[PDB]
Amino acid sequence: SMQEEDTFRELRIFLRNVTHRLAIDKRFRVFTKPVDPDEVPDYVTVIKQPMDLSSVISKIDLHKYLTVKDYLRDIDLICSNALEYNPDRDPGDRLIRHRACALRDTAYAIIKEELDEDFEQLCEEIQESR
Ligand SMILES: Nc1cccc(-c2nnc(-c3ccccc3)[nH]2)c1
Ligand SMILES: [Cl-]
Ligand SMILES: [Cl-]
């Protein structure tokens with residue numbers, strides 16, 4: 001219905017705003033673009049499901065997220081990919097992991113403070129009906 005389309009549009013607007021706040025945070029610059037395969041050529045073969053904030057924005061616009069839970073699964077994937085690609089004790093890896101965890105924690109904290117659970121529940125119940 002019209003009212004359901006309005007609901008998903010509000011969800012997209014909400015998710016774009018949250019993603020934008022993540023993307024302008026200097027800590028998260030490394031997660032704003034997909035990995036360049038001329039800098040780490042083996043990235044695309046190790047990491048089977050690359051995810052980054054540019055891709056998340058593209059998926060919002062393609063109406064791929066019908067719930068906040070769907071969105072957070074991709075934020076979680078940005079984080080978990082980073083933990084797996086950079087597992088070592090050296091400072092470069094530890095810095096990336098810390099930023100990845102912070103990205104994840106920041107998204108969840110924004111959602112906890114700013115998302116009405118009844119709005120999420122509505123999105124879920126529409127998504128289950130289609
Ligand atoms: N999940 C995700 C999304 C975008 C980038 C990355 C990433 N993981 N590790 C790197 C990296 C590794 C060595 C030097 C600089 C960045 N970048 C990981
Ligand atoms: Cl840096
Ligand atoms: Cl190590």
Side-chain angles (χ1 to χ4, degrees):
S1 68
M2 253 237 319
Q3 283 189 330
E4 290 174 349
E5 289 171 357
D6 286 348
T7 300
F8 288 135
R9 186 167 179 264
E10 175 163 358
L11 175 64
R12 291 194 298 274
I13 289 159
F14 174 72
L15 297 180
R16 279 192 205 93
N17 170 260
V18 170
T19 305
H20 179 246
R21 291 151 65 188
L22 300 176
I24 68 182
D25 193 311
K26 284 199 74 185
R27 294 173 292 171
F28 306 147
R29 186 175 58 94
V30 57
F31 307 120
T32 55
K33 297 190 283 252
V35 190
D36 175 40
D38 298 11
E39 295 176 55
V40 285
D42 75 323
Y43 195 75
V44 194
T45 58
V46 176
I47 303 282
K48 285 310 208 142
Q49 201 179 358
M51 188 54 59
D52 70 287
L53 296 168
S54 74
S55 290
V56 168
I57 289 154
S58 290
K59 288 180 68 167
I60 292 168
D61 290 347
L62 289 165
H63 300 190
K64 307 270 185 156
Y65 305 121
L66 264 43
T67 64
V68 179
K69 187 184 157 177
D70 287 345
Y71 172 85
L72 288 173
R73 188 163 4 261
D74 274 348
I75 299 300
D76 283 330
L77 186 57
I78 293 173
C79 182
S80 65
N81 287 345
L83 303 191
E84 303 185 42
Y85 196 69
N86 307 275
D88 292 341
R89 65 92 41 207
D90 63 90
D93 281 21
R94 282 190 167 148
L95 178 60
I96 285 155
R97 292 205 304 277
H98 187 268
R99 287 167 167 178
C101 290
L103 169 71
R104 178 179 193 261
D105 290 346
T106 297
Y108 275 82
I110 290 172
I111 296 315
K112 178 184 177 171
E113 277 206 285
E114 297 178 31
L115 174 69
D116 190 312
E117 52 179 18
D118 288 339
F119 181 85
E120 172 62 354
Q121 185 64 35
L122 176 59
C123 289
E124 282 274 355
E125 290 182 5
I126 303 169
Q127 178 194 51
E128 299 159 353
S129 82
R130 270 151 152 71

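All values below come from the heavy atoms of this structure, side chains included, with hydrogens, waters and symmetry mates left out. Whatever order the structure lists them in is the order used to number ligands and atoms, beginning at 1. All residue numbers in this chain count up from 1 along the given sequence.
For atom 1 (N) of ligand 1, the closest heavy atom belonging to the protein is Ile78 O, 2.9 Å. Remark: minimum distance from atom 9 (N) of ligand 1 to any protein heavy atom is reached at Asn86 ND2, 2.6 Å. Protein heavy atom nearest atom 11 (C) of ligand 1, with residue, atom name and distance: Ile96 CD1, 3.5 Å. Protein heavy atom in closest approach to atom 4 (C) of ligand 1: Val30 O, 3.6 Å. Of the protein's non-hydrogen atoms, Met51 O, 2.9 Å is the one closest to atom 3 (C) of ligand 1.
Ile111 and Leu53 end up in the same hydrophobic cluster when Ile, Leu, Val, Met, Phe, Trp and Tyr side chains are linked at under 4.5 Å.
Of all the atoms in ligand 1, the ones that sit under 4.0 Å from a non-hydrogen atom of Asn81 are 1 (N). Interface atoms of ligand 1 facing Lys33, defined by a heavy-atom separation under 4.0 Å, are 4 (C).
Taking every heavy atom of both residues into account, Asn86 and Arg97 meet most closely at O-NH1, 2.8 Å. Taking each heavy atom of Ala107 and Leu72 in turn, the nearest pair found is CB-CD2, 4.4 Å.
Residue contacts with ligand 1 for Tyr43 involve side-chain atoms from C-beta outward but no N, CA, C or O (heavy atoms, distance under 4.0 Å).
Applying the side-chain hydrogen bond (donor to acceptor under 3.5 Å, both in side chains) test to pairs two or more places apart or on separate chains, those with a residue in residues 13-27 are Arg16-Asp61, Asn17-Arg21, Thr19-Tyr71, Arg21-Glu114, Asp25-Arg27.
Other members of the hydrophobic cluster containing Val35, listed by chain and number, are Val40, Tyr43, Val46, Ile47, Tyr85; membership follows side-chain contacts under 4.5 Å among ILVMFWY residues, whether direct or relayed.
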Note to self: I'd like to know whether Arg73 forms a salt bridge (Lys or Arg N to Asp or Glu O under 4.0 Å) with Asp70, so could you lay out the CA-CA distance, the side-chain angles of the two residues, the decisive distance to 0.1 Å, and finally the verdict.
What the structure shows: CA-CA 5 Å; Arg73 188 163 4 261; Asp70 287 345; 3.6 Å; yes

